[PDB]
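Structure, as structure tokens:
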Amino acid sequence: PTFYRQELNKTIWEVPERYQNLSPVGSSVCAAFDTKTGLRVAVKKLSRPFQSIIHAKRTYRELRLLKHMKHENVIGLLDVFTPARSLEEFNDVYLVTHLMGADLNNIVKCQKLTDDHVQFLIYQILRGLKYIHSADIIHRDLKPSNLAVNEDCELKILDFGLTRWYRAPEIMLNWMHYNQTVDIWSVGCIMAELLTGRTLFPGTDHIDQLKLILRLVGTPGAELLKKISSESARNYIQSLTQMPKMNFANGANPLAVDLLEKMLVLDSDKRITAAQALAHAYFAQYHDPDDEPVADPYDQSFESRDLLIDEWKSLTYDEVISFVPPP
Ligand SMILES: O=C(NCCN1CCOCC1)c1ccc2c(c1)C(=O)c1ccc(Nc3ccc(F)c(NC(=O)c4ccccc4)c3)cc1CC2
Ligand SMILES: CCCCCCCCO[C@@H]1O[C@H](CO)[C@@H](O)[C@H](O)[C@H]1O
Ligand SMILES: CCCCCCCCO[C@@H]1O[C@H](CO)[C@@H](O)[C@H](O)[C@H]1O
Numbered sequence: 006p007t008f009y010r011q012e013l014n015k016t017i018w019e020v021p022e023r024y025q026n027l028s029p030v031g032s037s038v039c040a041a042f043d044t045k046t047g048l049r050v051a052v053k054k055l056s057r058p059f060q061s062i063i064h065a066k067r068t069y070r071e072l073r074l075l076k077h078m079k080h081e082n083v084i085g086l087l088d089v090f091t092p093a094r095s096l097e098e099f100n101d102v103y104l105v106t107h108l109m110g111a112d113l114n115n116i117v118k119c120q121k122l123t124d125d126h127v128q129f130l131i132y133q134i135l136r137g138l139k140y141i142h143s144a145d146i147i148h149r150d151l152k153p154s155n156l157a158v159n160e161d162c163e164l165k166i167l168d169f170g171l185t186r187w188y189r190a191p192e193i194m195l196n197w198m199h200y201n202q203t204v205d206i207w208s209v210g211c212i213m214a215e216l217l218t219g220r221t222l223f224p225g226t227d228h229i230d231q232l233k234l235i236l237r238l239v240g241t242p243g244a245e246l247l248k249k250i251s252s253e254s255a256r257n258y259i260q261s262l263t264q265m266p267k268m269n270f271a272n276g277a278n279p280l281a282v283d284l285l286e287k288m289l290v291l292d293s294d295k296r297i298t299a300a301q302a303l304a305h306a307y308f309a310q311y312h313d314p315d316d317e318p319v320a321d322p323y324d325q326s327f328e329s330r331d332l333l334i335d336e337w338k339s340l341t342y343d344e345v346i347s348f349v350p351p352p
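Using UniProt numbering, the letters of the sequence shown correspond one by one to residues 6 to 32, 37 to 171, 185 to 272, 276 to 352.
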């Protein structure tokens, strides 16, 4: 197609004519109208995609991830393009996705949602996670600003498989062997916040974050302590004034409360999974076991490769070129 060129976010964006009305939304992404499909779309121009091995692999990962994900509650690739006509001139990558029009913070505006609205919202998050997790992909930094939401409150998860208020405690402690339920922790934090209008653990800093979590969920149990090898870390922990798991309750729906108690567990092996959460009574209104799909297997064999820049770049080119838009 025919491209045109335009100054946006401090650079020259060169895009096909189909895409019009480009205007910045954030850290880079523009909102636009795809005149060809009649959809509002987000167009993301990658910064310095092939600068280094690390940038190149990250560019490739993003494209691979977005190509793979085909689910209503997960952002997916509507188009990818480049101004370049060949490999050698290939230096820019643009990704095009649905434009939802707001993130979850924009929907909450520090206000309590009704229990029914929380249901619908959390349901969709979990439905997206089941899918993501079924491909052995973990978000790791799930939060309201990564959840894109339209007027109808249909929700899509952004930026999976790559501010500490939604983070699993083990990630903050650089545990290194993360299980999928790190995202579940995040889910409970978001859920509590939808229901109260207030951040569940608004830590002032790293150590304060861990403190607020400890105070609510209580000090680590015996089984959990068994799984920590450092004597000094156990020493610290068990020398603290010992601390009960406070009552989560304290007019919320008791089913919400129960679900939250099963998400917000220090021990990640004991947290409820996305699929178990979707079957929890809290979601009786929305749960449909025959429309909570899994993903096709995802070829992640690239993650373990150490390749040269030119190969990362060529692999990316090849994916731009093979790209087939959805229905
Ligand atoms: O339309 C918005 N307008 C803001 C200005 N106002 C105008 C009108 O009034 C209200 C809004 C708006 C405001 C906020 C948001 C979106 C849109 C949104 O749809 C939206 C859509 C996409 C997006 N990010 C995005 C875009 C393209 C991508 F390729 C990615 N990449 C990833 O998600 C990703 C996935 C896997 C690995 C790595 C990255 C992410 C980020 C947002 C941010 C939330
Ligand atoms: C504030 C201090 C509490 C930190 C306790 C974190 C417990 C995390 O849970 C742990 O997750 C690891 C996966 O990352 C698993 O390997 C361990 O089996 C599991 O116990
Ligand atoms: C207030 C925060 C103090 C909590 C101390 C947690 C330190 C956990 O340390 C973790 O233990 C795991 C199992 O032994 C190891 O696999 C990880 O390498 C290590 O990070």
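We treat Cβ as the ideally placed atom computed from N, Cα and C, and that holds for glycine.
Judged by DSSP in its simplified three-state form, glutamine 25 adopts strand. Contact between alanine 40 and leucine 87 is absent: CB atoms are separated by about 13 Å, not below the 8 Å threshold. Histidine 148 is bridged by DSSP to nothing; it lacks a bridge partner. Proximity of the beta carbon of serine 254 to ligand 2 is not indicated: no heavy atom of the ligand is located closer than 8 Å. Placement of the Cβ of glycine 137 at a distance of 8 Å or more from every heavy atom of ligand 1 is found.
Taking a C-beta distance under 9 Å as the contact criterion, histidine 148 and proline 318 do not qualify as a contact pair. Residue pairing for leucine 246: DSSP places it in no beta bridge. By the neighbour-count definition (other C-beta atoms within 10 Å, threshold 16), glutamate 215 is a buried residue.
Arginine 57 and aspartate 292 have their alpha carbons spaced roughly 39 Å apart.
Within the model, the alpha-carbon separation for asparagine 272 versus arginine 10 is close to 56 Å. With contacts defined as CB atoms closer than 9 Å, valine 105 and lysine 165 fail to qualify as a contacting pair.
Under the DSSP assignment, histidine 64 falls outside any beta strand (DSSP E), being part of the alpha helix (DSSP H) whose first and last residues are 62-77. Classified as exposed, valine 349 has fewer than 16 neighbouring CB atoms from the shown chains inside 10 Å of its CB. For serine 143, the number of other beta carbons within 10 angstroms of its own is at least 16, and it is reported as buried. Judged by DSSP in its simplified three-state form, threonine 16 adopts strand.
With respect to the 9 Å criterion, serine 154 and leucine 113 are classified as neighbours on the basis of their beta carbons. Closest in C-alpha terms to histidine 126, from the list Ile212, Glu98, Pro191 and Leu195, comes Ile212.
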